[PDB]
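# Architecture and fold: a report
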Amino acid sequence: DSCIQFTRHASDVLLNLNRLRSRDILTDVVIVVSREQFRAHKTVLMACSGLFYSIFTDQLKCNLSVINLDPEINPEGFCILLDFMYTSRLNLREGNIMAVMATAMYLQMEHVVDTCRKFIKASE
Amino acid sequence: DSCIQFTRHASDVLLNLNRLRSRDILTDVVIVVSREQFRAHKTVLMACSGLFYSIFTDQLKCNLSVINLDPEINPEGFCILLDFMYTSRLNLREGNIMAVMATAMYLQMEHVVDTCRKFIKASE
Amino acid sequence: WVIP
Amino acid sequence: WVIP
Ligand SMILES: O=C1Cc2cc(Nc3ncncc3Cl)ccc2N1
Ligand SMILES: O=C1Cc2cc(Nc3ncncc3Cl)ccc2N1
Ligand SMILES: [Cl-]
Ligand SMILES: [Cl-]
C-alpha cells in the first residue's frame, strides 16, 4: 500500500497498556504463582507467550478469571517476565537468570530463552 | 536499572494483537459508526485514543459491549484509524484526509491530527 | 512519521 | 537485544 507509519506508535501503545496494568484498569485475569498473584490483561499475555496464547484460545479456559501456574515456577522469575511483556525491558541478573530462563521456557517466550542461553554461555 | 531491551518487542506485541483482532479472538466491544460495526479490544482502543480512554475508564461505560459513535463520523475514516491503532500504518490519501482528520480529532489521536494538518498545509 |  |  501507500501507508505512512508512526515509528513510536507500537512503543506508545505498550507504555499505555503498562499504565493500565499499574492502575489495575481492565485487567481480566489473575495469574497465581506459588501463592503470589499477578493481575494482567489476557490479550497482552497471549501476544507475549505461546503458553498463554494456547490457554486463552481454548474454548473452556478462555473464560477463566484465575490461572494457576505449575508449582515449580518461581514468582520472581514470573514477575520479571510479566514486566518484560509490558515494557520490552528484561531485568536479567546473575542471581535470577536460571529462574528467568526456566520461566521463559515454560511460558514459551523464545526471544527471552535465546538471550538467557547466550548470557549463560558467556559465563562458562 | 540494569535491564536489557528487546528492540522488536513492542512491534511484535502489536502485530499479535492485530492477529487476534483479525481472528476475532478476545474482542470485547463493538464500535458502531453510521450502522457499520467494528469489533475491537477495549485496551487497544484506550491505548490509542483519548476518547476511548475516557469512555472505558467511566464506571458505567467500562461495562458496555456496544459503543455508538456520533452520527457525523464517517465509517471509512474510522476503519482507517482502527487499522492504524493495530498496525502503526495510516492509509492517508487525498480522498480520505478530511474524514480521517475529523475522525482523529473526535477520537483524540493527537499524532494523526498532526500529520493530517501538515499534509493539508503542503497542498494549499 | 516515515515511509515504511 | 540492546542496552536501553
Ligand atoms: O515465543 C513466543 C511468543 C508467542 C506469542 C504468541 N502469540 C500469538 N501468536 C500468533 N497470533 C496471535 C498471538 Cl496473540 C504465540 C506464540 C509465541 N511464542
Ligand atoms: O492522542 C492521544 C492518544 C491517547 C491515549 C490515551 N491512553 C492512555 N493514556 C494514559 N494512560 C493510559 C492510557 Cl490507555 C490517553 C490520551 C490520548 N491522547
Ligand atoms: Cl520473547
Ligand atoms: Cl495518534
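Residues numbered from 1 in each chain as written, not as in the entry; some residues may be left out. Chains lettered and ligands numbered in written order. Heavy atoms only, no water. Residues with missing side-chain atoms left out of burial classes, pairs and counts.

Method of determination for the deposited model, per the PDB record: X-ray crystallography, at 1.8000 Å resolution.

### Examining the UniProt feature "domain: BTB" in chain A
The UniProt entry lists residues 27-94 of chain A under the feature "domain: BTB", expressed in the numbering used here. End C-alpha atoms of residues 27-94 of chain A are separated by 32 Å, and the span's content is 40% helix alongside 22% strand. (UniProt positions renumbered as here; feature names shortened; annotations may be inferred. Helix = DSSP H or I, 4+ residues; strand = E, 2+ residues; numbered from the N terminus.)

### Considerations on the pairing of strand β3 (residues 36-40) of chain A
Residue and element names in this part refer to chain A. Bridge count for strand β2 (residues 29-33) against β3 is five bridges, and the pairing is antiparallel. Bridge pairing links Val 33 to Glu 36 in β3. Hairpin connection from β2 to β3: two residues lie between these consecutive antiparallel strands, with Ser 34 at a positive phi of about 35°. (Pairing = 2+ DSSP bridges.)

### Comments concerning the relation of the copies chain B and chain A
Comparison of the two chain copies shows a relationship of rotation about an axis with a shift along it. With an RMSD of 0.0 Å, the operation that places chain B on chain A is a rotation of 180° combined with a shift of 0.0 Å along the axis. The symmetry that links the two subunits is that of a two-fold axis. No C-alpha of chain B approaches the rotation axis more nearly than that of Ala 10 of chain B, which lies at 2.6 Å. Most of the interface of chain B is mirrored in chain A, where 100% of its interface residues are also at the interface. (Least-squares fit on C-alpha atoms. Contact = heavy atoms within 4.5 Å.)

### Points about the interface of chain D and chain B
Counting residues at the interface gives four residues for chain D and five residues for chain B. In this assembly, chain D packs against chain B so that about 510 Å² is buried in total across both faces, 69% of it on carbon and sulfur atoms. The largest share of the area that chain D buries against chain B comes from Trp 1, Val 2 and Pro 4 of chain D, three residues that together contribute 92% of it. Applying the counting rule to chain D against chain B returns zero salt bridges. Applying the counting criterion to the chain D and chain B interface returns one residue pair in polar contact. (Buried area = accessible area lost by both parts, 1.4 Å probe. Salt bridge = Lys/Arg side-chain N within 4 Å of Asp/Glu carboxyl O. Polar contact = N/O pair within 3.5 Å; in protein donor to acceptor, adjacent residues only side chain to side chain.)

### Thoughts on the site of ligand 2
Near ligand 2 the following residues occur: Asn 16, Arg 19 and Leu 20 of chain A together with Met 46, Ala 47, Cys 48, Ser 49, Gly 50, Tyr 53, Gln 108, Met 109 and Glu 110 of chain B. The environment of ligand 2 is shared, with nearby residues belonging to chains A and B. The separation between a nitrogen atom of ligand 2 and a polar main-chain atom of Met 46 of chain B is 2.9 Å. Take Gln 108 of chain B: an N or O atom from its main chain is 3.0 Å from an oxygen atom of ligand 2. Contact with the protein chains covers 76% of the free accessible surface of ligand 2, which is 420 Å². (Near = heavy atom within 4 Å. Areas by Shrake-Rupley, 256 points an atom, 1.4 Å probe, with all protein chains shown as cover.)

### Considerations on the interface of chain B and chain A
Between chain B and chain A, the contact holds 39 residues from the first and 39 residues from the second. Across the chain B-chain A interface, the total number found is zero salt bridges. Between the two partners, chain B and chain A, sit twelve residue pairs in polar contact. At the level of elements, β1 (4-5), α1 (9-22), α2 (42-48), α3 (50-56), α4 (75-87), β5 (89-90) and α6 (110-123) of chain B are the ones that each hand at least two residues to the side of chain B that touches chain A. When residues in the side of chain B that touches chain A are grouped by element, the largest group, nine residues, is from α1 of chain B. In the side of chain B that touches chain A, the residues fall into 21 nonpolar, twelve polar and six charged. Relative to β5 of chain B, strand β1 (residues 4-5) of chain A is paired through two bridges, and the arrangement is antiparallel. By the bridge assignment for β5 of chain B, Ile 4 of chain A is matched with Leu 90 of chain B. (Nonpolar A, V, L, I, M, F, W, Y, C, P; charged D, E, K, R; others polar.)

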